[PDB]
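Data block below; observations after.
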Amino acid sequence: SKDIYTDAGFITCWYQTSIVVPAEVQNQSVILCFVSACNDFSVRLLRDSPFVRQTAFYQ
Amino acid sequence: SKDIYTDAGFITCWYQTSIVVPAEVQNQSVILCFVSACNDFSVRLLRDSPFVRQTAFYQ
Amino acid sequence: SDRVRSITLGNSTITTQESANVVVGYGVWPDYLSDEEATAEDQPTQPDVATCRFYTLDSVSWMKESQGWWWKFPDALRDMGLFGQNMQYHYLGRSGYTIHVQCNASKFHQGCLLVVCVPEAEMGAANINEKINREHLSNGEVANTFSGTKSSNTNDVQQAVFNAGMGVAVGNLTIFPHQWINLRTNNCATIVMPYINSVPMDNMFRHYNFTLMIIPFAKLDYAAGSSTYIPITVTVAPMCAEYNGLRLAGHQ
Amino acid sequence: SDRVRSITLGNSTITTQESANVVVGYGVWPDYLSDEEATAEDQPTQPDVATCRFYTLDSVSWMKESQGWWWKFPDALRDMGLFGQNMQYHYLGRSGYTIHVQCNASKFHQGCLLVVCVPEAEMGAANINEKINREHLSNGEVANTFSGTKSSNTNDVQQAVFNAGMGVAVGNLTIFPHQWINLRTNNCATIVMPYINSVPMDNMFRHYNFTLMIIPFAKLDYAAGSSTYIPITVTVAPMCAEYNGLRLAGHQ
Amino acid sequence: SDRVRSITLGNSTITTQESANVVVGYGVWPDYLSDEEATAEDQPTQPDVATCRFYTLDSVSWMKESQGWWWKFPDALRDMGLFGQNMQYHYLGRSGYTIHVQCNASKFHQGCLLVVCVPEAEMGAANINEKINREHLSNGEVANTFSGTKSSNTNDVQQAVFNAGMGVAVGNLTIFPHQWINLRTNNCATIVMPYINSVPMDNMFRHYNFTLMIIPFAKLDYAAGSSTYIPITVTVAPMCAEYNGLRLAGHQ
């Protein structure tokens, strides 16, 4: 959850150089990002997730 | 030194073919040249070099 | 093959896919001061994690007509983290280096750089009998720039690409650790430069140890549709660092 | 890999970085005449350094519409150094060969050549009952040229790309040592052709031993901004040369 | 290296020169039903030559603005040879698969696809309480197509690229056997998908086993002179096929 006592880090991507591209090629491109976990990843307490937002039953 | 009794050789570079380059690339380019000596290179007599051209002292 | 090279130093890792090689100085790998060469007697501080890491300097652009750059390198890292702090609070510093220069270009581009790491590059002034200011030999991570003509400014370094500042013949400037970033094959250039000096441990503000010179020989020639801005990024990392003589802050 | 090939013959070295292979004739490497096949009795001269070396012939251009070339090859080296002199002063000559054909193009070009080394390529005349002049079958290092249509000139070789001069089907012309210079992968083509003849040692002026034929199948197609002039350079080198019957100069 | 891959299945062979790898499902290679899992008792027919072979489906184009495709895959091979006949005349069918997707582009093109093989991809309808027709979930080898906006057609599948039809987050859709056809390195993508089902042998008309989804993330961006039409070709091949319960033809 969002709190103040435990903050993690701030990913920030930066141009080390620019993008040098030759002629008759488009200028702009697309970078993708993936995410996963390493060998020592863990979770501890169960709860309900804040994404379930229902009102009544599903008849 | 420049003399007549010992002459060495005449480097001459030649197009074996031309430069075939595709479209959207510049036509002209740059060749560089390097120089060094092999395993059996030698020098024999010391002297002064003809590059030192001074007039007075450097006060 | 050996085109893919990785370098891990502390908490910063450079991965390149079109490298050339690693030029290890004059054959000698960086090392701490063995006590056969010991001069001072108090215990030095060797941080080894917060110091031996890659620090990124400023990035400069390379147009069709640019002439060169030079960085003094015990001075351009004056204010880069705890290397900068442990430069400031001490009196004698000894460290190796590891230069890496990023510069990328597509296959429809051409050109060639030259990355030479000249020790003790004492530069001549523009006028004959003028005192150079400190803010023209170096500007920290802000790069200086050569001028291709006969430069004639006041209190300024003699900017001429055909003299390399020292008055040497710039074609003969390849006796030092040098690499060629020809843009058709290579993505970067790596120079591992050990610490060459006549004294075992020297100060890091009074002395400019060496100068990294990037001088373009083959100009950045390309078509009328390619991307114009092709930057040059330089990132170095000290090695085997140690610091002698802790004192109060400042330099004067 | 095996794309980088070097060939050293005497005092001339060809280094190519995008070769294909070396086609060694019909499997047989060049060799001097062993004395089970000996016919003449006087001692032959084997120079082996001033003869077995690469001689460069003339370079021809390949436009979009060029049709072919042919060189006779005991005759195109009539006046190339001491191979030419030792051709002139003797009466019988035996030598292998080593064909190398330089032709380079960028990645945005396309096209394909065909380098076939046809022995005893006896060509038909343009008219039916006309005598061919000597200056149309060969011109020395000056290349002849096929014509794609039905050629009808006087005292001229029958120039037709769909007959290869001999009246054979030109698609079936690949039974000989052949290589394909497809411009997308290859920089050159190498054919090591041994000396195939019905007599052990033959004269080198009366007899045309073979014909090197370069015939383009895929035409030199490219964009509206690329470099038009793409040359073709051919450089051969004799092997295992020897010469029998020294006599006074000339040929008549 | 391991970029050149060949696959021989029966009498149809795919040879690719810029492949990536072969993703073998969830590690399990296809296999016939071992008799620890046997349910039915009559002898099944295992053709193994006239069935385990590559069948080519229809080819679709990929413009700058295309959004996606999906194929149901026990149904798109309804009428492809003796796999189609032995689908029709039987009642229970068990088979693995081997997906191969051809799509080529030059070096001056860019873009990236995503080839995910989702089991049991039960799709939601466009309206909330409407019955989907059979001719919109599948059309055989005729590919369906996603719509990037909020699709609101009648009797139609909910076409939205940011939901993947099932209402899942389409970025999280990579838990399945997936490959990325990034157009700068790869020529194709290969997925060997074993038969995952809760019953050992199932029917092949009532049940849609899985759905092959090709969804472009990086759009086909290219210059103003390149070739516009870049197709996408998909060719699969069943593995370890067997068929239980021969009966009269048809399905009703």
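Residue names in the structure tokens use chain letters A, B, ... in the order shown, residue numbers from 1 in each chain, and ligand numbers from 1 in the order shown.
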
Which residues are close to segment 106-116 of chain C, i.e. within 8 Å by only C-alpha atoms, leaving aside same-chain residues fewer than 4 positions away? Reply as an mmCIF file with N, CA, C and O atoms, in the first residue's frame.
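And here is the file that came out, out39.cif:
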```cif
data_model
loop_
_atom_site.group_PDB
_atom_site.id
_atom_site.type_symbol
_atom_site.label_atom_id
_atom_site.label_comp_id
_atom_site.auth_asym_id
_atom_site.auth_seq_id
_atom_site.Cartn_x
_atom_site.Cartn_y
_atom_site.Cartn_z
ATOM 1 N N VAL A 20 21.024 7.870 -33.742
ATOM 2 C CA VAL A 20 21.564 8.132 -35.070
ATOM 3 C C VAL A 20 20.941 7.140 -36.038
ATOM 4 O O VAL A 20 21.100 5.926 -35.881
ATOM 5 N N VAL A 21 20.232 7.651 -37.037
ATOM 6 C CA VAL A 21 19.561 6.795 -38.010
ATOM 7 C C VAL A 21 19.923 7.292 -39.410
ATOM 8 O O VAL A 21 20.024 8.508 -39.629
ATOM 9 N N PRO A 22 20.216 6.411 -40.361
ATOM 10 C CA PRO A 22 20.526 6.857 -41.720
ATOM 11 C C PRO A 22 19.267 7.244 -42.489
ATOM 12 O O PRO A 22 18.154 7.201 -41.974
ATOM 13 N N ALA A 23 19.472 7.626 -43.747
ATOM 14 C CA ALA A 23 18.408 8.173 -44.568
ATOM 15 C C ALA A 23 17.426 7.090 -45.000
ATOM 16 O O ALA A 23 17.722 5.894 -44.954
ATOM 17 N N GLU B 24 20.523 6.760 -50.967
ATOM 18 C CA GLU B 24 20.442 7.513 -49.708
ATOM 19 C C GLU B 24 21.698 7.371 -48.854
ATOM 20 O O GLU B 24 21.626 7.339 -47.624
ATOM 21 N N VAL B 25 22.857 7.244 -49.494
ATOM 22 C CA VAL B 25 24.149 7.276 -48.821
ATOM 23 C C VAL B 25 24.998 8.257 -49.618
ATOM 24 O O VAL B 25 24.806 8.413 -50.828
ATOM 25 N N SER B 29 34.033 9.174 -49.687
ATOM 26 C CA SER B 29 34.455 8.693 -48.380
ATOM 27 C C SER B 29 35.903 9.070 -48.087
ATOM 28 O O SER B 29 36.502 9.863 -48.818
ATOM 29 N N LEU C 173 49.846 11.461 -32.794
ATOM 30 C CA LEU C 173 49.283 11.495 -31.456
ATOM 31 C C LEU C 173 48.747 10.130 -31.029
ATOM 32 O O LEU C 173 48.045 10.027 -30.020
ATOM 33 N N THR C 174 49.118 9.068 -31.745
ATOM 34 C CA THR C 174 48.612 7.725 -31.502
ATOM 35 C C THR C 174 49.592 6.845 -30.737
ATOM 36 O O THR C 174 49.429 5.624 -30.720
ATOM 37 N N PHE C 176 49.840 6.889 -27.569
ATOM 38 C CA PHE C 176 49.200 6.728 -26.273
ATOM 39 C C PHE C 176 48.136 5.644 -26.388
ATOM 40 O O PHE C 176 47.972 5.089 -27.481
ATOM 41 N N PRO C 177 47.418 5.262 -25.306
ATOM 42 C CA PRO C 177 46.247 4.403 -25.509
ATOM 43 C C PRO C 177 45.165 5.067 -26.338
ATOM 44 O O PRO C 177 44.520 6.024 -25.904
ATOM 45 N N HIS C 178 44.965 4.546 -27.543
ATOM 46 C CA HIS C 178 44.066 5.138 -28.515
ATOM 47 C C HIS C 178 43.146 4.064 -29.060
ATOM 48 O O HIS C 178 43.539 2.907 -29.198
ATOM 49 N N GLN C 179 41.913 4.453 -29.362
ATOM 50 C CA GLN C 179 41.047 3.608 -30.164
ATOM 51 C C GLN C 179 40.340 4.462 -31.202
ATOM 52 O O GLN C 179 40.182 5.673 -31.044
ATOM 53 N N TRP C 180 39.920 3.799 -32.269
ATOM 54 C CA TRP C 180 39.250 4.430 -33.392
ATOM 55 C C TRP C 180 37.793 4.004 -33.373
ATOM 56 O O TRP C 180 37.492 2.820 -33.550
ATOM 57 N N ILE C 181 36.893 4.951 -33.152
ATOM 58 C CA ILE C 181 35.466 4.694 -33.303
ATOM 59 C C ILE C 181 35.159 5.010 -34.760
ATOM 60 O O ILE C 181 34.734 6.108 -35.114
ATOM 61 N N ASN C 182 35.414 4.042 -35.624
ATOM 62 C CA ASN C 182 34.888 4.107 -36.973
ATOM 63 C C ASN C 182 33.430 3.694 -36.912
ATOM 64 O O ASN C 182 33.105 2.628 -36.379
ATOM 65 N N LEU C 183 32.553 4.527 -37.460
ATOM 66 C CA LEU C 183 31.121 4.331 -37.266
ATOM 67 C C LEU C 183 30.540 3.167 -38.054
ATOM 68 O O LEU C 183 29.341 2.907 -37.913
ATOM 69 N N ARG C 184 31.317 2.457 -38.864
ATOM 70 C CA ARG C 184 30.752 1.350 -39.618
ATOM 71 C C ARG C 184 30.748 0.037 -38.854
ATOM 72 O O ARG C 184 30.000 -0.872 -39.228
ATOM 73 N N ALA C 189 34.147 2.719 -27.309
ATOM 74 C CA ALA C 189 35.585 2.543 -27.176
ATOM 75 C C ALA C 189 35.937 2.501 -25.699
ATOM 76 O O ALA C 189 35.435 3.317 -24.922
ATOM 77 N N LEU C 212 41.661 13.567 -21.890
ATOM 78 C CA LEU C 212 41.037 12.730 -22.898
ATOM 79 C C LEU C 212 40.666 13.566 -24.107
ATOM 80 O O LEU C 212 39.862 14.494 -24.000
ATOM 81 N N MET C 213 41.234 13.231 -25.259
ATOM 82 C CA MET C 213 41.016 13.997 -26.477
ATOM 83 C C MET C 213 40.241 13.165 -27.482
ATOM 84 O O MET C 213 40.681 12.078 -27.866
ATOM 85 N N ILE C 214 39.089 13.675 -27.899
ATOM 86 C CA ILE C 214 38.320 13.121 -29.002
ATOM 87 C C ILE C 214 38.426 14.105 -30.153
ATOM 88 O O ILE C 214 37.952 15.242 -30.042
ATOM 89 N N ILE C 215 39.065 13.682 -31.243
ATOM 90 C CA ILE C 215 39.301 14.535 -32.398
ATOM 91 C C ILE C 215 38.786 13.820 -33.641
ATOM 92 O O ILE C 215 39.310 12.764 -34.001
ATOM 93 N N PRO C 216 37.769 14.341 -34.331
ATOM 94 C CA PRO C 216 37.251 13.647 -35.517
ATOM 95 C C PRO C 216 38.170 13.830 -36.715
ATOM 96 O O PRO C 216 38.553 14.952 -37.052
ATOM 97 N N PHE C 217 38.530 12.714 -37.352
ATOM 98 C CA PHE C 217 39.282 12.739 -38.601
ATOM 99 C C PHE C 217 38.381 12.611 -39.822
ATOM 100 O O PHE C 217 38.524 13.376 -40.776
ATOM 101 N N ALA C 218 37.468 11.647 -39.815
ATOM 102 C CA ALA C 218 36.490 11.489 -40.882
ATOM 103 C C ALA C 218 35.191 12.131 -40.421
ATOM 104 O O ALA C 218 34.613 11.709 -39.414
ATOM 105 N N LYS C 219 34.743 13.147 -41.148
ATOM 106 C CA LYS C 219 33.638 13.963 -40.680
ATOM 107 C C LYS C 219 32.316 13.226 -40.822
ATOM 108 O O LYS C 219 32.177 12.294 -41.615
ATOM 109 N N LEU C 220 31.344 13.648 -40.022
ATOM 110 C CA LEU C 220 30.065 12.963 -39.959
ATOM 111 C C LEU C 220 29.266 13.266 -41.223
ATOM 112 O O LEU C 220 28.500 14.235 -41.268
ATOM 113 N N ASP C 221 29.469 12.462 -42.255
ATOM 114 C CA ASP C 221 28.843 12.658 -43.555
ATOM 115 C C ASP C 221 27.690 11.675 -43.697
ATOM 116 O O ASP C 221 27.834 10.491 -43.377
ATOM 117 N N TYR C 222 26.563 12.160 -44.201
ATOM 118 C CA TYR C 222 25.346 11.365 -44.247
ATOM 119 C C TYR C 222 24.397 12.020 -45.238
ATOM 120 O O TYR C 222 24.673 13.095 -45.769
ATOM 121 N N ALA C 223 23.266 11.363 -45.466
ATOM 122 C CA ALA C 223 22.365 11.744 -46.543
ATOM 123 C C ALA C 223 21.516 12.947 -46.139
ATOM 124 O O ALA C 223 21.756 13.607 -45.125
#
```

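Within 8 Å of chain B, and using only C-alpha atoms, the residues found on chain D are residues 59, 102, 103, 104, 105, 106, 107, 108, 109, 222, 223, 224, 225, 226, 227, 228, 229, 230, 231, 232 and 233 of chain D.
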
If you keep C-alpha atoms, can you produce a file of those selected residues as a PDB file, in the first residue's frame?
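The resulting file, out_10.pdb, is reproduced below:
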```pdb
ATOM      1  CA  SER D  59      38.572  -3.062 -65.728  1.00  0.00           C
ATOM      2  CA  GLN D 102      36.811  -8.353 -58.006  1.00  0.00           C
ATOM      3  CA  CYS D 103      33.374  -6.721 -58.147  1.00  0.00           C
ATOM      4  CA  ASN D 104      31.826  -4.962 -55.149  1.00  0.00           C
ATOM      5  CA  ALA D 105      28.436  -3.433 -54.430  1.00  0.00           C
ATOM      6  CA  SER D 106      26.537  -2.134 -51.425  1.00  0.00           C
ATOM      7  CA  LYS D 107      23.573  -3.766 -49.722  1.00  0.00           C
ATOM      8  CA  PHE D 108      21.030  -1.581 -51.552  1.00  0.00           C
ATOM      9  CA  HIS D 109      22.197  -3.016 -54.899  1.00  0.00           C
ATOM     10  CA  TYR D 222      19.286  -0.122 -58.056  1.00  0.00           C
ATOM     11  CA  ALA D 223      17.614   3.047 -56.849  1.00  0.00           C
ATOM     12  CA  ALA D 224      17.694   6.610 -58.191  1.00  0.00           C
ATOM     13  CA  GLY D 225      20.314   7.818 -55.710  1.00  0.00           C
ATOM     14  CA  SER D 226      22.991   5.143 -55.628  1.00  0.00           C
ATOM     15  CA  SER D 227      26.346   5.132 -57.406  1.00  0.00           C
ATOM     16  CA  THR D 228      25.938   4.240 -61.069  1.00  0.00           C
ATOM     17  CA  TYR D 229      29.456   3.160 -62.062  1.00  0.00           C
ATOM     18  CA  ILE D 230      30.077  -0.305 -60.622  1.00  0.00           C
ATOM     19  CA  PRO D 231      33.259  -1.701 -62.213  1.00  0.00           C
ATOM     20  CA  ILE D 232      34.365  -5.291 -62.716  1.00  0.00           C
ATOM     21  CA  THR D 233      38.041  -6.079 -62.105  1.00  0.00           C
TER      22      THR D 233
END
```

**OP:** Excluding residue 165 of chain E and residues on its chain fewer than 3 positions from it, collect all residues at most 7 Å away from it, counting only C-alpha atoms, and give them as a PyMOL selection string.
**Re:** chain E and resi 123-124+158-160

Using the selection just defined, write its residues with N, CA and C atoms as an mmCIF file, in the first residue's frame.
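Contents of again25.cif, freshly written:
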```cif
data_model
loop_
_atom_site.group_PDB
_atom_site.id
_atom_site.type_symbol
_atom_site.label_atom_id
_atom_site.label_comp_id
_atom_site.auth_asym_id
_atom_site.auth_seq_id
_atom_site.Cartn_x
_atom_site.Cartn_y
_atom_site.Cartn_z
ATOM 1 N N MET E 123 -14.306 -15.901 -25.487
ATOM 2 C CA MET E 123 -14.391 -14.483 -25.778
ATOM 3 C C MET E 123 -15.757 -13.928 -25.400
ATOM 4 N N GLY E 124 -15.763 -12.673 -24.972
ATOM 5 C CA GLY E 124 -16.999 -11.993 -24.668
ATOM 6 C C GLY E 124 -17.630 -11.357 -25.892
ATOM 7 N N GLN E 158 -16.562 -9.031 -29.067
ATOM 8 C CA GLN E 158 -16.098 -7.752 -28.533
ATOM 9 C C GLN E 158 -14.670 -7.511 -28.997
ATOM 10 N N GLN E 159 -14.518 -6.633 -29.977
ATOM 11 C CA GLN E 159 -13.223 -6.375 -30.594
ATOM 12 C C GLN E 159 -12.586 -5.199 -29.870
ATOM 13 N N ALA E 160 -11.562 -5.485 -29.070
ATOM 14 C CA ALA E 160 -10.795 -4.450 -28.388
ATOM 15 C C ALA E 160 -9.398 -4.986 -28.130
#
```

Just asking: which residues within segment 3-194 of chain C are helix (DSSP H, G or I) according to DSSP, as a compact mmCIF listing (two decimals) with N, CA and C atoms, in the first residue's frame?
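File produced: states_11.txt:
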```txt
# COMPACT_ATOMS: atom_id res chain seq x y z
N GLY C 81 29.52 12.89 -6.86
CA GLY C 81 29.32 11.97 -5.76
C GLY C 81 30.47 11.90 -4.78
N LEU C 82 30.59 10.75 -4.13
CA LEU C 82 31.57 10.56 -3.07
C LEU C 82 32.99 10.47 -3.59
N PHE C 83 33.19 10.27 -4.90
CA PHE C 83 34.50 10.53 -5.48
C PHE C 83 34.82 12.01 -5.39
N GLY C 84 33.82 12.86 -5.58
CA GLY C 84 34.04 14.29 -5.45
C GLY C 84 34.26 14.72 -4.02
N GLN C 85 33.48 14.14 -3.09
CA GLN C 85 33.66 14.46 -1.67
C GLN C 85 35.02 13.98 -1.17
N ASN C 86 35.36 12.72 -1.43
CA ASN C 86 36.66 12.21 -1.01
C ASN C 86 37.82 12.80 -1.81
N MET C 87 37.57 13.43 -2.96
CA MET C 87 38.57 14.33 -3.51
C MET C 87 38.72 15.57 -2.66
N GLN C 88 37.61 16.15 -2.19
CA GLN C 88 37.70 17.43 -1.51
C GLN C 88 38.33 17.31 -0.14
N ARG C 134 41.73 29.34 -15.37
CA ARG C 134 41.38 27.98 -15.00
C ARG C 134 40.11 27.50 -15.69
N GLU C 135 39.25 28.41 -16.13
CA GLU C 135 37.96 28.05 -16.70
C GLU C 135 38.01 27.86 -18.21
N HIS C 136 39.20 27.71 -18.78
CA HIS C 136 39.36 27.44 -20.19
C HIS C 136 40.13 26.16 -20.48
N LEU C 137 41.07 25.78 -19.61
CA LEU C 137 41.66 24.45 -19.69
C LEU C 137 40.63 23.38 -19.34
N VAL C 170 49.52 16.15 -34.87
CA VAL C 170 48.33 15.45 -34.40
C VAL C 170 48.16 14.09 -35.07
N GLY C 171 48.81 13.87 -36.21
CA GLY C 171 48.84 12.53 -36.77
C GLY C 171 49.71 11.58 -35.96
N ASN C 172 50.72 12.12 -35.28
CA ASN C 172 51.62 11.33 -34.45
C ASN C 172 51.12 11.17 -33.04
```

Subject >> Close residues, segment 11-16 of chain D itself excluded, 10 Å, only C-alpha atoms, min 3 positions apart in chain, as a ChimeraX atom specification >> reply: /D:3-8,19-20,49-50,52-55,100,102,186-189,235,237

Written selection (N, CA and C atoms) as a JSON list (two decimals), in the first residue's frame:
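Below you can see part.json, which holds the result:
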```json
[["chain", "number", "residue", "atom", "x", "y", "z"],
["D", 3, "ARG", "N", 34.75, -16.90, -44.50],
["D", 3, "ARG", "CA", 34.51, -15.85, -45.48],
["D", 3, "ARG", "C", 35.76, -15.04, -45.78],
["D", 4, "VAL", "N", 36.74, -15.05, -44.89],
["D", 4, "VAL", "CA", 37.96, -14.29, -45.06],
["D", 4, "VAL", "C", 39.00, -15.22, -45.64],
["D", 5, "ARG", "N", 39.46, -14.92, -46.85],
["D", 5, "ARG", "CA", 40.40, -15.78, -47.55],
["D", 5, "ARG", "C", 41.59, -14.95, -48.00],
["D", 6, "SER", "N", 42.78, -15.52, -47.89],
["D", 6, "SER", "CA", 43.99, -14.88, -48.36],
["D", 6, "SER", "C", 44.71, -15.80, -49.34],
["D", 7, "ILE", "N", 45.30, -15.21, -50.38],
["D", 7, "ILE", "CA", 46.07, -15.95, -51.37],
["D", 7, "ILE", "C", 47.38, -15.21, -51.58],
["D", 8, "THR", "N", 48.49, -15.88, -51.34],
["D", 8, "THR", "CA", 49.82, -15.32, -51.55],
["D", 8, "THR", "C", 50.49, -16.07, -52.70],
["D", 19, "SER", "N", 34.39, -13.57, -49.60],
["D", 19, "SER", "CA", 34.53, -14.57, -50.64],
["D", 19, "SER", "C", 33.47, -15.65, -50.49],
["D", 20, "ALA", "N", 33.46, -16.59, -51.43],
["D", 20, "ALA", "CA", 32.53, -17.71, -51.37],
["D", 20, "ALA", "C", 33.25, -19.02, -51.10],
["D", 49, "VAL", "N", 58.80, -17.32, -59.41],
["D", 49, "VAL", "CA", 58.60, -16.13, -58.58],
["D", 49, "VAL", "C", 58.23, -14.94, -59.46],
["D", 50, "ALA", "N", 58.92, -14.79, -60.59],
["D", 50, "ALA", "CA", 58.64, -13.71, -61.52],
["D", 50, "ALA", "C", 57.55, -14.06, -62.51],
["D", 52, "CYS", "N", 54.74, -16.80, -61.44],
["D", 52, "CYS", "CA", 53.59, -17.20, -60.65],
["D", 52, "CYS", "C", 53.22, -16.05, -59.71],
["D", 53, "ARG", "N", 52.57, -15.04, -60.27],
["D", 53, "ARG", "CA", 52.14, -13.88, -59.50],
["D", 53, "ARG", "C", 50.92, -13.28, -60.17],
["D", 54, "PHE", "N", 50.18, -12.48, -59.40],
["D", 54, "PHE", "CA", 48.92, -11.93, -59.89],
["D", 54, "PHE", "C", 49.15, -10.78, -60.85],
["D", 55, "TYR", "N", 48.58, -10.89, -62.05],
["D", 55, "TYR", "CA", 48.60, -9.84, -63.05],
["D", 55, "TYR", "C", 47.20, -9.29, -63.25],
["D", 100, "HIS", "N", 40.83, -14.66, -60.25],
["D", 100, "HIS", "CA", 40.13, -13.91, -59.22],
["D", 100, "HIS", "C", 39.47, -12.71, -59.86],
["D", 102, "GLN", "N", 37.35, -9.31, -58.96],
["D", 102, "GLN", "CA", 36.81, -8.35, -58.01],
["D", 102, "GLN", "C", 35.61, -7.63, -58.60],
["D", 186, "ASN", "N", 28.44, -11.82, -51.85],
["D", 186, "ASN", "CA", 29.81, -12.10, -52.26],
["D", 186, "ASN", "C", 30.52, -10.85, -52.77],
["D", 187, "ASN", "N", 31.83, -10.80, -52.48],
["D", 187, "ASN", "CA", 32.71, -9.75, -52.96],
["D", 187, "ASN", "C", 33.49, -10.15, -54.19],
["D", 188, "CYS", "N", 33.73, -11.44, -54.41],
["D", 188, "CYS", "CA", 34.58, -11.86, -55.51],
["D", 188, "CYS", "C", 34.24, -13.30, -55.88],
["D", 189, "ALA", "N", 35.04, -13.87, -56.77],
["D", 189, "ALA", "CA", 34.90, -15.27, -57.16],
["D", 189, "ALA", "C", 36.27, -15.80, -57.55],
["D", 235, "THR", "N", 41.70, -10.33, -62.08],
["D", 235, "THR", "CA", 43.14, -10.48, -61.86],
["D", 235, "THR", "C", 43.46, -11.96, -61.71],
["D", 237, "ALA", "N", 46.51, -15.31, -62.10],
["D", 237, "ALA", "CA", 47.89, -15.66, -61.78],
["D", 237, "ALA", "C", 48.18, -17.08, -62.25]]
```

Subject >> Atomic separation - atom CA of residue 74 of chain E relative to atom CA of residue 120 of chain E, Å >> reply: 11.4 Å

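Residues in contact with residue 200 of chain E at 8 Å, where only C-alpha atoms are counted and same-chain residues fewer than 4 positions away are skipped, are listed as residues 33, 37, 38, 39 and 94 of chain E.
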
Subject >> Among listed residues A:6, A:11, A:1, A:28, nearest residue 49 of chain A (using only C-alpha atoms) >> reply: A:1

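For the atom pair formed by atom CA of residue 128 of chain D and atom CA of residue 153 of chain D, the distance is 11.3 Å, given to one decimal.
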
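Counting from atom CA of residue 209 of chain C, the distance to atom CA of residue 192 of chain C is 14.7 Å.
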
**OP:** Pick out the residues sitting within 8 Å of residue 247 of chain E, and hand them over as a ChimeraX atom specification; count only C-alpha atoms, and ignore anything fewer than 3 positions along from it in its own chain.
**Re:** /E:89-91
